[PDB]
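Raw model05.cif, mmCIF, C-alpha atoms; chains and numbers go by the auth columns:
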data_upload
loop_
_atom_site.group_PDB
_atom_site.id
_atom_site.type_symbol
_atom_site.label_atom_id
_atom_site.label_comp_id
_atom_site.label_asym_id
_atom_site.label_seq_id
_atom_site.Cartn_x
_atom_site.Cartn_y
_atom_site.Cartn_z
_atom_site.B_iso_or_equiv
_atom_site.auth_seq_id
_atom_site.auth_asym_id
ATOM 1 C CA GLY A 1 63.820 -12.045 27.449 0.00 1 A
ATOM 2 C CA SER A 2 62.614 -10.414 30.658 0.00 2 A
ATOM 3 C CA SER A 3 63.409 -6.907 31.898 0.00 3 A
ATOM 4 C CA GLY A 4 64.543 -5.856 28.436 0.00 4 A
ATOM 5 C CA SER A 5 63.424 -2.257 27.973 0.00 5 A
ATOM 6 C CA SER A 6 60.991 0.172 29.599 0.00 6 A
ATOM 7 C CA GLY A 7 59.335 3.274 28.181 0.00 7 A
ATOM 8 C CA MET A 8 56.047 2.713 26.367 0.00 8 A
ATOM 9 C CA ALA A 9 54.496 6.079 25.509 0.00 9 A
ATOM 10 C CA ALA A 10 51.081 6.753 27.042 0.00 10 A
ATOM 11 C CA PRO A 11 47.701 6.901 25.255 0.00 11 A
ATOM 12 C CA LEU A 12 46.888 10.296 23.743 0.00 12 A
ATOM 13 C CA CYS A 13 43.407 11.806 23.469 0.00 13 A
ATOM 14 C CA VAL A 14 42.121 13.947 20.600 0.00 14 A
ATOM 15 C CA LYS A 15 38.774 15.627 19.936 0.00 15 A
ATOM 16 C CA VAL A 16 37.534 14.790 16.438 0.00 16 A
ATOM 17 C CA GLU A 17 34.666 16.754 14.895 0.00 17 A
ATOM 18 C CA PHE A 18 32.898 16.282 11.560 0.00 18 A
ATOM 19 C CA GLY A 19 30.819 18.853 9.705 0.00 19 A
ATOM 20 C CA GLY A 20 27.361 18.139 8.345 0.00 20 A
ATOM 21 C CA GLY A 21 26.753 14.823 6.623 0.00 21 A
ATOM 22 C CA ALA A 22 29.981 13.134 7.686 0.00 22 A
ATOM 23 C CA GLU A 23 29.015 12.974 11.361 0.00 23 A
ATOM 24 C CA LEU A 24 26.395 10.423 10.316 0.00 24 A
ATOM 25 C CA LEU A 25 29.184 8.086 9.209 0.00 25 A
ATOM 26 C CA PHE A 26 30.260 8.218 12.855 0.00 26 A
ATOM 27 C CA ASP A 27 27.481 7.429 15.328 0.00 27 A
ATOM 28 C CA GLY A 28 25.959 10.608 13.931 0.00 28 A
ATOM 29 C CA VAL A 29 27.703 12.945 16.361 0.00 29 A
ATOM 30 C CA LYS A 30 29.202 16.432 16.114 0.00 30 A
ATOM 31 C CA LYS A 31 32.070 15.782 18.526 0.00 31 A
ATOM 32 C CA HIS A 32 33.838 12.456 19.063 0.00 32 A
ATOM 33 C CA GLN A 33 36.329 11.696 21.835 0.00 33 A
ATOM 34 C CA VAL A 34 39.304 9.721 20.521 0.00 34 A
ATOM 35 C CA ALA A 35 41.916 7.961 22.649 0.00 35 A
ATOM 36 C CA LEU A 36 44.884 6.611 20.689 0.00 36 A
ATOM 37 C CA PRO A 37 47.207 4.051 22.334 0.00 37 A
ATOM 38 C CA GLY A 38 50.824 4.626 23.311 0.00 38 A
ATOM 39 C CA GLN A 39 53.863 3.440 21.367 0.00 39 A
ATOM 40 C CA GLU A 40 57.473 4.276 20.511 0.00 40 A
ATOM 41 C CA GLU A 41 56.302 6.418 17.595 0.00 41 A
ATOM 42 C CA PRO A 42 53.819 9.319 17.880 0.00 42 A
ATOM 43 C CA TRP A 43 50.382 8.938 16.297 0.00 43 A
ATOM 44 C CA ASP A 44 50.644 10.648 12.909 0.00 44 A
ATOM 45 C CA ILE A 45 47.761 11.625 10.631 0.00 45 A
ATOM 46 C CA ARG A 46 48.804 8.854 8.244 0.00 46 A
ATOM 47 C CA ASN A 47 47.995 6.215 10.862 0.00 47 A
ATOM 48 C CA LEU A 48 45.242 8.219 12.558 0.00 48 A
ATOM 49 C CA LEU A 49 43.203 7.501 9.428 0.00 49 A
ATOM 50 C CA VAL A 50 43.435 3.738 9.942 0.00 50 A
ATOM 51 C CA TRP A 51 41.893 4.268 13.377 0.00 51 A
ATOM 52 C CA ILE A 52 39.277 6.892 12.527 0.00 52 A
ATOM 53 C CA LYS A 53 38.525 4.714 9.502 0.00 53 A
ATOM 54 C CA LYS A 54 37.906 1.660 11.682 0.00 54 A
ATOM 55 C CA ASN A 55 37.405 2.584 15.339 0.00 55 A
ATOM 56 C CA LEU A 56 35.373 5.752 14.786 0.00 56 A
ATOM 57 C CA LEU A 57 34.119 5.204 11.237 0.00 57 A
ATOM 58 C CA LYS A 58 31.268 2.711 11.595 0.00 58 A
ATOM 59 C CA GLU A 59 30.190 2.816 7.949 0.00 59 A
ATOM 60 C CA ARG A 60 32.047 1.929 4.750 0.00 60 A
ATOM 61 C CA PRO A 61 35.313 3.882 4.342 0.00 61 A
ATOM 62 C CA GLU A 62 35.194 4.086 0.546 0.00 62 A
ATOM 63 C CA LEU A 63 32.342 6.505 1.244 0.00 63 A
ATOM 64 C CA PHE A 64 34.121 8.768 3.731 0.00 64 A
ATOM 65 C CA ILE A 65 37.812 8.170 3.036 0.00 65 A
ATOM 66 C CA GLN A 66 39.708 6.019 0.538 0.00 66 A
ATOM 67 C CA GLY A 67 43.047 4.615 1.658 0.00 67 A
ATOM 68 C CA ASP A 68 45.477 5.853 4.298 0.00 68 A
ATOM 69 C CA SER A 69 44.752 9.364 3.026 0.00 69 A
ATOM 70 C CA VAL A 70 41.547 11.410 3.115 0.00 70 A
ATOM 71 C CA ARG A 71 39.468 11.472 -0.069 0.00 71 A
ATOM 72 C CA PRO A 72 40.013 14.362 -2.519 0.00 72 A
ATOM 73 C CA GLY A 73 36.887 15.926 -1.051 0.00 73 A
ATOM 74 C CA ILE A 74 37.264 15.437 2.694 0.00 74 A
ATOM 75 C CA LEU A 75 38.999 18.562 3.994 0.00 75 A
ATOM 76 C CA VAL A 76 40.742 18.152 7.351 0.00 76 A
ATOM 77 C CA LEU A 77 41.801 20.898 9.759 0.00 77 A
ATOM 78 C CA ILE A 78 44.232 20.526 12.660 0.00 78 A
ATOM 79 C CA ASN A 79 43.677 23.039 15.460 0.00 79 A
ATOM 80 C CA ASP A 80 41.928 25.352 12.997 0.00 80 A
ATOM 81 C CA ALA A 81 44.702 25.061 10.412 0.00 81 A
ATOM 82 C CA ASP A 82 44.763 23.247 7.070 0.00 82 A
ATOM 83 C CA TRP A 83 46.747 20.052 7.637 0.00 83 A
ATOM 84 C CA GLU A 84 48.370 20.920 4.309 0.00 84 A
ATOM 85 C CA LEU A 85 50.463 23.742 5.770 0.00 85 A
ATOM 86 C CA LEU A 86 51.258 21.640 8.839 0.00 86 A
ATOM 87 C CA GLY A 87 51.674 18.135 7.456 0.00 87 A
ATOM 88 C CA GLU A 88 49.042 16.181 5.539 0.00 88 A
ATOM 89 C CA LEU A 89 50.675 12.938 6.671 0.00 89 A
ATOM 90 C CA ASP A 90 53.971 14.285 8.008 0.00 90 A
ATOM 91 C CA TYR A 91 52.282 15.798 11.061 0.00 91 A
ATOM 92 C CA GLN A 92 52.519 13.862 14.326 0.00 92 A
ATOM 93 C CA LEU A 93 49.546 14.298 16.659 0.00 93 A
ATOM 94 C CA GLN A 94 50.685 14.573 20.278 0.00 94 A
ATOM 95 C CA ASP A 95 47.697 15.199 22.548 0.00 95 A
ATOM 96 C CA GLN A 96 44.863 17.575 23.438 0.00 96 A
ATOM 97 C CA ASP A 97 44.784 18.078 19.669 0.00 97 A
ATOM 98 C CA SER A 98 41.456 18.646 17.915 0.00 98 A
ATOM 99 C CA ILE A 99 41.065 17.216 14.413 0.00 99 A
ATOM 100 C CA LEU A 100 38.321 18.449 12.086 0.00 100 A
ATOM 101 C CA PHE A 101 36.973 16.526 9.095 0.00 101 A
ATOM 102 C CA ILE A 102 34.593 18.169 6.624 0.00 102 A
ATOM 103 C CA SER A 103 33.046 16.651 3.500 0.00 103 A
ATOM 104 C CA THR A 104 32.534 18.808 0.409 0.00 104 A
ATOM 105 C CA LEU A 105 31.962 16.188 -2.288 0.00 105 A
ATOM 106 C CA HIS A 106 28.840 14.142 -1.553 0.00 106 A
ATOM 107 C CA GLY A 107 26.345 16.837 -2.499 0.00 107 A
ATOM 108 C CA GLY A 108 23.692 14.969 -4.448 0.00 108 A
ATOM 109 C CA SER A 109 21.907 17.901 -6.072 0.00 109 A
ATOM 110 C CA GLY A 110 20.740 18.295 -9.657 0.00 110 A
ATOM 111 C CA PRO A 111 17.270 17.901 -11.206 0.00 111 A
ATOM 112 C CA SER A 112 14.778 19.513 -8.827 0.00 112 A
ATOM 113 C CA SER A 113 11.116 18.494 -8.668 0.00 113 A
ATOM 114 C CA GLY A 114 9.493 20.403 -5.822 0.00 114 A
#
Before anything else, please render the file you have as structure tokens.
Amino acid sequence: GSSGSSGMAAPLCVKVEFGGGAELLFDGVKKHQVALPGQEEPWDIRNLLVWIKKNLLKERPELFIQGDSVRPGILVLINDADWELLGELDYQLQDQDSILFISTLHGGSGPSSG
């Protein structure tokens, strides 16, 4: 089947930034340039995870995120706006969109010595 259809969306780019501690899980960097591929369907947070969990995320996911969704501690923010109000997984990233990922769970702190 040649010359079937034509119209493959183009690759979108998004600026991902992680607070303190999480950045380490990603080449230890404050800002990370992401470039998602192009397809018939727009890159939605749901999928985005799979990428940021593999492509970006260099360390074990179970540590940063668990599953297609962000851990119960990792708070994300799309364009300075809780992804909750927009769309935890319903949102569909288009382009020039900046995604923030902060970690407020891994805070090993208890019995002090010094």
Need the shell around residue A:86: protein/DNA/RNA residues with any atom at most 12 Å away, counting all atoms listed in the file. Skip same-chain ones fewer than 6 positions apart. Format as a ChimeraX atom specification? /A:44-45,76-80,92-93
Write out as a ChimeraX atom specification which residues come within 12 Å of residue A:90 when counting all atoms listed in the file, dropping same-chain ones fewer than 5 positions away. /A:42-48,69,83-85
Selected residue, from A:63, A:53, A:100, A:1, that lies nearest to residue A:16 when counting all atoms listed in the file: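 Looking at the shortest contact to residue A:16, the residue is A:100.
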Skip residue A:82 itself and residues of its chain fewer than 6 positions away, then list as a PyMOL selection string all residues within 12 Å of it, counting all atoms listed in the file. chain A and resi 74-76+88-89+91+99-102
Nearest candidate to residue A:10 (options A:72, A:28, A:38, A:61; using all atoms listed in the file):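 Under the stated criterion, the closest residue is A:38.
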For each of A:37, A:94, A:104, A:49, take the minimum atom-to-atom distance to residue A:8, counting all atoms listed in the file, then give the residue where this is smallest.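 With all atoms listed in the file as the atom set, the closest residue is A:37.
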How would you write, as a compact mmCIF listing (two decimals) with C-alpha atoms, in the coordinates of the input, the residues chosen by the PyMOL selection byres ((chain A and resi 26) around 8) on this structure?
# COMPACT_ATOMS: atom_id res chain seq x y z
CA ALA A 22 29.98 13.13 7.69
CA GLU A 23 29.02 12.97 11.36
CA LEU A 24 26.40 10.42 10.32
CA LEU A 25 29.18 8.09 9.21
CA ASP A 27 27.48 7.43 15.33
CA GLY A 28 25.96 10.61 13.93
CA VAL A 29 27.70 12.94 16.36
CA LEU A 56 35.37 5.75 14.79
CA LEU A 57 34.12 5.20 11.24
CA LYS A 58 31.27 2.71 11.60
CA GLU A 59 30.19 2.82 7.95
Give me, please, the distance in Å between atom CA of residue A:60 and atom CA of residue A:111, quoted to one decimal.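 Going from atom CA of residue A:60 over to atom CA of residue A:111, I get 27.0 Å.
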Which one of A:55, A:39, A:103, A:96 sits closest to residue A:73 if you count all atoms listed in the file? A:103
Best match for closeness to residue A:97 among A:9, A:114, A:67, A:34, counting only C-alpha atoms: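 Ranking A:9, A:114, A:67, A:34 by distance to residue A:97, first place goes to A:34.
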To one decimal place, how far is atom CA of residue A:51 from atom CA of residue A:5 in Å? 26.8 Å
Between A:6, A:50, A:98, A:66, which residue has the minimum interatomic distance to residue A:18, considering all atoms listed in the file?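 With all atoms listed in the file as the atom set, the closest residue is A:98.
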I'd like the neighbourhood of residue A:95 as a ChimeraX atom specification, where a residue qualifies if any of its atoms comes within 7 Å (using only C-alpha atoms), though same-chain residues fewer than 5 positions away should be ignored. /A:12-14
To one decimal place, how far is atom CA of residue A:15 from atom CA of residue A:81 in Å?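 Those two atoms sit 14.7 Å apart.
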